[PDB]
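[1] model the structure of this input:
(2 chains, ligands or ions: 5)
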Amino acid sequence: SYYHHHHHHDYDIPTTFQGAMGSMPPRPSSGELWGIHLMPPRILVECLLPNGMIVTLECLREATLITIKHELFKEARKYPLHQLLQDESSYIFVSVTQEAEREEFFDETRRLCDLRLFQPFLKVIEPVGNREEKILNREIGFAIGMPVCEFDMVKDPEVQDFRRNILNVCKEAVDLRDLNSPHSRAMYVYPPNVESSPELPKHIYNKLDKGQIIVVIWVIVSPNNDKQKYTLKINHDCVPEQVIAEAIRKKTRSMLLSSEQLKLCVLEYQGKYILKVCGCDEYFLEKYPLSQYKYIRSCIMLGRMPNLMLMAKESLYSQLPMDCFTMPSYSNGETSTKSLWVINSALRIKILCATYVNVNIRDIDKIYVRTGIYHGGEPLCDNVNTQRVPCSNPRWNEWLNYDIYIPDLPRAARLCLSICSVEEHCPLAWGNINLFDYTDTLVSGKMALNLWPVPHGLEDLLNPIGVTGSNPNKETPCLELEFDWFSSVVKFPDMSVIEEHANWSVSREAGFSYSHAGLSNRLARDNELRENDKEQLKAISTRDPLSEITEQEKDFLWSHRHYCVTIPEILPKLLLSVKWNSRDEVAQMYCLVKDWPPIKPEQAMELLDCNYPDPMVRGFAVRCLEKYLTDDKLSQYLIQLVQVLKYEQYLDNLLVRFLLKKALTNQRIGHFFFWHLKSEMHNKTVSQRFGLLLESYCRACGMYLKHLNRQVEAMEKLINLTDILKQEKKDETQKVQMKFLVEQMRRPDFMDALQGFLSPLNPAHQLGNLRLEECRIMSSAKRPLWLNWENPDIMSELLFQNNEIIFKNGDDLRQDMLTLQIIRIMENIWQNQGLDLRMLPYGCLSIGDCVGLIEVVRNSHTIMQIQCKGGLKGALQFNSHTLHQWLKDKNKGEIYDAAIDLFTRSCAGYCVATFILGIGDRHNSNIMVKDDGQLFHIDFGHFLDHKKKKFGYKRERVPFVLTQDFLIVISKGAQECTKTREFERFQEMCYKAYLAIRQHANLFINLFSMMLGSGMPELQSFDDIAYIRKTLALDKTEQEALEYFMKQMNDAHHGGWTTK
Amino acid sequence: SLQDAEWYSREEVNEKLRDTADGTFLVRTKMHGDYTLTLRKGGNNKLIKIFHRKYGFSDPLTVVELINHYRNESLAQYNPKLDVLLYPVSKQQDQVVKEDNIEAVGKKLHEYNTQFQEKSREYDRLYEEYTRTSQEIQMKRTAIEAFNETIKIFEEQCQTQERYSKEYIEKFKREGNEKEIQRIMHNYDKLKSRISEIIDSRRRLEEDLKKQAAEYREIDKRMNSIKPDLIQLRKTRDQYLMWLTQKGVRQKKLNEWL
Ligand SMILES: CC(C)(C)OC(=O)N1CCC(N)CC1
Ligand SMILES: CC(C)(C)OC(=O)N1CCC(N)CC1
Ligand SMILES: CC1C(=O)CCCC1=O
Ligand SMILES: CC1C(=O)CCCC1=O
Ligand SMILES: [Cl-]
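    Numbering: from 1, shown residues only, chains lettered A, B, ... in the order given. Ligands and ions are numbered 1, 2, ... in the order given. See below for the structure:
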């Protein structure tokens, strides 16, 4: 009587799922030889000789091409026509690779497994393409992962025009480098790792003797071995030069040197050295206050005494090799064509036939093409075609009639369409086209458009945030169509022509007369506006991007568009208040933007999202970044910029040219600029775009291409390895798997590829030898590898003797990537505005399709481990105090007081960020505490309450609920923690924290706006972002927000939160 | 009636206006203005302020009075580019089996939400197979190119020896002819049957490609028949939850059903 004896007949258990052993889905991608992850340890390879003879060598997987060539010509003696062969030296190996291109293997030190051979065979030939140096485009196409020759045979002129034009940028960067060489070359390679502000927060400053630090300068003599401390006590804001002098002073004071003789010895010795950070490739190369470099300010906060090293400039300038940039092997219109403004007709578009429509005829009645014109928002009434020839061979030969005159199309206009099913309305596929091409030319003719599948979150019919262009996947709904042909290529009008039409349109407003019905959209006030109006405009200015503007407010804004120049930051709102369907209006907005005041980058980044697709706009936006955005602030927001490239109409554009230049000016920016582009290469919305761009970077970046190629190879090894652990070696004991992992890693190709390279998490840190005994597979079902390298620095000891990072094939890292980045920003916001809350945004990097690197924080345990270890023999109930007891066990004396302050600071910050970002429910196995008492969250899962997709609504969840465990520790050790001054303070941190992040809500909204570009199901459209609008309470006043927050925090805890 | 007008925050307005037709509408800081007509046009939401001191949009000032007139009329005459209040859609006791039980409407809310959440898994499940299949397909196509490209090298290799080999039959001949040409022919016979294998390999991939491309269509086919159910199930579930939130507040009681 449990189930009312009701059977489920369909239910079948015998191998019925993704649920059973429910983890790890990222497949598939292939490795060493076609159809197999890891080639056999001994393998037979056919060697095709120039005499036509197939001799077949059994040789080792790990065998070098020098080894294999040598054995081939020893074995080719035993086969006929031996006299027809040259010396082995007059030959090179060639074979067909897995990218389906015939690579000539020039670097014969490479091993048979590392070549990606498709089938195991090699062909012998004399070296064609006499510029061998040039056919190290393989370097580039390994770094990129698709061969350079795959671009060379692309028809599309835009792509080919991109490739040739973008070289402007590459030359200019390379020129900027070799300018004050060797200094500026070192400046490229080793840019100063520096906070944006020289100013110091009051809480940092008080951890000194009214502005003094103790440093420790290190120096060496012979052979290296012994080094000598020289423990200075300098000012916090003195430059590296000064610190270098004082070290030398102390070094070279003597009883045999006078006072003057010392000073004269100082000057000669001084500028022959520069400061290195002990333990990693970081250097202090320009006049910044010592506090400003990030290693110092970390050392101040952590209670550490910096360890710098005196480094000979010439021992450094030794290790910089020359970049030597080479121009590649790949090195208009008929006049009077048109003003688009001559064309005297409406828009109409012919919808011809969809081919590959995959639908149940039994389920669906009828199908039709929906369409519309867009600019982010839509220039006219959206229209469809009739529900003709439903399902089978869907064929309409209609002209759709769009009520917009062709002159009124804006430069950035786009047709967005979608095939639908029938109130049973329901999209099947979708696809968008730019109504102009890259050469400004109106689209006229026939276009075949292969469509994209309807994603998870989108219920709407049409999807105009989606990417412009046809789907690279052929076998998909191809809906072909026809645009109107006007007996001439129609081009978009020149800025010289628009600049005049605007200057006229303004003069025509000056003669329009008195009372005007719908005055709404023009002044009437003239030079003297109302005092009440001029304050209503600054009110609109202050509101966030997601507080949508009303038609009154838009008209209002537009009517005082010339006063809006006094309040530059209004621009985002003004632009959205333009009727883009009116060239009279638009032309004027082009003149406003032309010399509108520069604005701060955090506000000019709003202008590069999908709601601002215009060129003139996004120009101004880049113009802002060129002025203000520092090399620091760029590398914080780099992700949000690379993502935002997706929203540009054409390959060649000012943002792409800005970032590329910066990436080649700064090898740190470059390093992440590479990996973020390389990350998304699997995604066919950007494969082409990002490939092309990555080609440019890789051609221009100098030696770092060789460094990246190594990093790249390390990752591939690890992907291939875990891929086997996750497929063949599933259903084997840890013991069996671990033995497979070590077996593999001991092979020489793995020992080569995984040992001597740079951490992609921070290419400062080198990775030396692998310590395999500390290498192991974690307990997770994804089979993350715990990897451990010997830091090969001179001063490993002084920083960390062992580096270790987790490689995790399986999980889409890029949500964590973001939330951690968001936390990193929230920290800097709080702290630089004086209030110490210590977040630990641990490093995370996605380097592919659910493949990535997470930084291990050493000495930190899950609350669960703290309670597993601290838990009494008789399995009954864990004690709430065991956290607190464990923490005392680490921190004892005056130390204890400080560790609680940290735990109380870190906990307050991690409460507020969590509530605001709506991240996954916190619980004992995803919260961590460090020995020194810093608390921090890991494994965030989803972010903006993405499980509100299932039900949701006004859940406004508290994800970090402070159980007793936490409260006890906050209030030393008392009964009824809820009622102490220790906990009063806590609350006031949380209130001051929440309001800090609430007054920057623009930034955070914007950061999420810009991330819509990536295919995170968490960020599908602006309403996804809108949760943060509610959580911060931006509709209300700050006092109402404070009480809302208190309320929200009170209810989850059930008592604790209401005074002030 | 001004309170209980059928149609009478920003975010949950949009989730009610989400997936409705051209012409659909409803009404919504105190300092800013009073009420806010949120009219939908072609997928985007036009907000229009109602100022009160009379109620109105701007000049012609002479809440329920203002909205009824326009229901007959277009908003183009007040403000130029609004050539569009036809659908006052804000009822949800039209269907919901009219259930005045309240508790049984709550049970039904779970029922549909389970059926929905069940359906959203199968939809997510198929989207992955689709995208894995797209990947496995193009990986197959790129292999085929390499298979052909390989064979070209082997075809060229069986041709390459025909040049040198049959120059090294005619010259000499007598000098170990049977002992020589045998082991040149053996090589040549190993070479061509190897081609015969590689072609037989590639063929076998292409038959698999069509079976893949077949399955691929079936994933899309079944995706598109799960989508419309998934919309209407979701849309019925919003309305069953609206019906509840009308009568009794109980915002926290919802969580067990959902
Ligand atoms: C030192 C500091 C963490 C501020 O440096 C960065 O700005 N980043 C940006 C994100 C990268 N993944 C790590 C380095
Ligand atoms: C040729 C290629 C770039 C694939 O090779 C490497 O990845 N490496 C690592 C070992 C070599 N000795 C130096 C460069
Ligand atoms: C047009 C506007 C927007 O920028 C996002 C889509 C819905 C809106 O109201
Ligand atoms: C214990 C073993 C394993 O490693 C995964 C679950 C099933 C097994 O046989
Ligand atoms: Cl961690």
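
[2] rest of the way, CA atoms for contacts and neighbours
    Will do.

[3] of all the strand elements in the chain, which one is longest?
    This is for chain A. strand A:395-405 (DSSP state E).

[4] looking at chain B here, not the other one
    The single longest strand within chain B, with elements called by DSSP E, is strand B:44-52.

[5] would you list the strands that it pairs with, along with their directions?
    If you go by DSSP bridges, strand B:44-52 pairs up with strand B:35-41 (antiparallel), strand B:55-56 (antiparallel).

[6] show me what the last one is in contact with.
    In other words, strand B:55-56. B:50, B:61, B:62, B:63, B:66 (C-alpha atoms under 8 Å, 6 or more residues apart in numbering or on different chains).

[7] which one of those sits in the busiest neighbourhood?
    Counting neighbours by other C-alpha atoms under 10 Å in any protein chain shown, the top entry in those is residue B:50, with 21 neighbours.

[8] can you tell me who it pairs with across the strands?
    residue B:35.

[9] list the contacts of it.
    B:33, B:34, B:35, B:36, B:37, B:56, B:57.

[10] at 10 Å what do you get?
    A:552, B:27-28, B:33-37, B:56-58, B:61, B:63, B:66 (C-alpha atoms under 10 Å, 6 or more residues apart in numbering or on different chains).

[11] now distance to residue A:759 too, for those, in TSV please.
    Listed next are those as TSV, based on distance: C-alpha to C-alpha, whole Å:
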residue	distance to residue A:759
A:552	55
B:27	56
B:28	54
B:33	56
B:34	58
B:35	57
B:36	55
B:37	56
B:56	64
B:57	61
B:58	62
B:61	68
B:63	65
B:66	66
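
[12] rewinding a little: any idea which of the strands paired with strand B:44-52 is most buried?
    Highest mean neighbour count among the strands paired with strand B:44-52 (mean count of other C-alpha atoms under 10 Å in any protein chain shown): strand B:35-41, with a mean of 21.

[13] touching chain B at all, whichever helix or strand comes after the longest strand of chain A?
    Downstream of strand A:395-405, the first helix or strand assigned by DSSP states H and E is strand A:414-421. Yes. Strand A:414-421 reaches chain B (C-alpha under 10 Å from any C-alpha of the partner chain) through A:420, A:421.

[14] tell me what the helix or strand following strand A:414-421 is packed against?
    Sequence order places strand A:426-434 as the next helix or strand after strand A:414-421, per DSSP H and E. Contact analysis of strand A:426-434 by 3 or more C-alpha pairs under 10 Å, 6 or more residues apart in numbering or on different chains; DSSP states H and E lists strand A:367-374, strand A:414-421, strand A:446-450, strand A:452-453, strand A:478-483, helix B:177-247 as its packing neighbours.

[15] and the residue in the stretch 901-1050 of chain A that ligand 3 sits nearest to, how many neighbours?
    For the stretch 901-1050 of chain A, the residue closest to ligand 3 is residue A:1022, as judged by C-alpha to the nearest ligand atom, at 6.8 Å. If you count neighbours by other C-alpha under 10 Å, residue A:1022 ends up with 13.

[16] contact partners for it?
    Contacts of residue A:1022 by C-alpha under 10 Å, 6+ apart are A:546, A:1005, A:1008, A:1009, A:1012.

[17] the residue most central in space within chain A is in what secondary structure piece?
    Geometric centre of chain A, nearest residue: residue A:639, 3.2 Å, by C-alpha atoms, centre = their mean. Per DSSP H and E: residue A:639 is located in helix A:638-644.

[18] that helix and ligand 1 in contact?
    No. On the criterion C-alpha under 6 Å from any ligand atom, helix A:638-644 is out of touch with ligand 1, staying 8.0 Å away.

[19] just give me how far that helix sits from the chain centre.
    With C-alpha atoms, centre = their mean, to the nearest Å as the basis, helix A:638-644 stands 6 Å off its chain's centre.

[20] so what does that helix touch, helix or strand wise?
    Using 3+ C-alpha pairs under 10 Å, 6+ apart, helix A:638-644 sits against helix A:631-636, helix A:654-665, helix A:667-679, helix A:814-832, helix A:1001-1011.

[21] buried set for the first one?
    When burial is assessed from 16 or more other C-alpha atoms under 10 Å in any protein chain shown, helix A:631-636 yields the following buried residues: A:631, A:632, A:634, A:635, A:636.

[22] now for it, which elements pack on it?
    Using 3+ C-alpha pairs under 10 Å, 6+ apart: helix A:631-636 touches helix A:601-604, helix A:638-644, helix A:654-665, helix A:667-679, helix A:814-832.

[23] okay if I get these as TSV plus distance to ligand 3?
    Compiled in TSV, the helices and strands packed on helix A:631-636 are given as follows (distance: least, C-alpha to the nearest ligand atom, whole Å):
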stretch	distance to ligand 3
helix A:601-604	16
helix A:638-644	16
helix A:654-665	22
helix A:667-679	27
helix A:814-832	22
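
[24] quick one: which of those helices is nearest ligand 4?
    helix A:814-832 (26.8 Å).

[25] that closest one close to ligand 5?
    No. Helix A:814-832 does not reach ligand 5 (C-alpha under 5 Å from the ion); its nearest approach is 11.6 Å.

[26] off-centre distance for that helix?
    Worked out by C-alpha atoms, centre = their mean, helix A:814-832 lies 13 Å from the chain centre.

[27] and stretch A:265-277, which residues are buried?
    For stretch A:265-277, by 16+ other C-alpha under 10 Å, it's A:266, A:270, A:273, A:274, A:275, A:276, A:277.

[28] right, and the helix or strand after the helix or strand hosting the first one?
    Spelled out, it's residue A:266. Element membership of residue A:266, judged by DSSP H and E, is helix A:259-270. Using DSSP H and E, the helix or strand that follows helix A:259-270 in sequence is strand A:273-277.

[29] and that following strand, what does it pack against?
    Checked by 3+ C-alpha pairs under 10 Å, 6+ apart, strand A:273-277 has strand A:216-220, helix A:240-251, strand A:283-284, strand A:307-312, helix A:313-319 packed alongside it.

[30] adding distance to ligand 3, write these out as JSON lines.
    Putting the helices and strands packed on strand A:273-277 into JSON lines (distance: least, C-alpha to the nearest ligand atom, whole Å) gives the following:
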{"stretch": "strand A:216-220", "distance to ligand 3": "55"}
{"stretch": "helix A:240-251", "distance to ligand 3": "49"}
{"stretch": "strand A:283-284", "distance to ligand 3": "45"}
{"stretch": "strand A:307-312", "distance to ligand 3": "51"}
{"stretch": "helix A:313-319", "distance to ligand 3": "52"}
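
[31] and these: which comes nearest ligand 5?
    Across the helices and strands packed on strand A:273-277, ligand 5 has its closest neighbour in strand A:307-312 (25.4 Å, C-alpha to the ion).

[32] contacting residues around the closest one?
    Under C-alpha under 10 Å, 6+ apart, the answer for strand A:307-312 is A:214-220, A:227-229, A:231, A:243-244, A:247-248, A:271-279, A:282-284, A:295-296, A:299, A:318, A:794-795, A:798-799.

[33] name only those of the residues you listed that count as buried.
    Applying 16+ other C-alpha under 10 Å to these, the neighbour count classes A:214-219, A:229, A:231, A:243-244, A:247-248, A:273-279, A:282-284, A:295-296, A:299, A:795, A:799 as buried.
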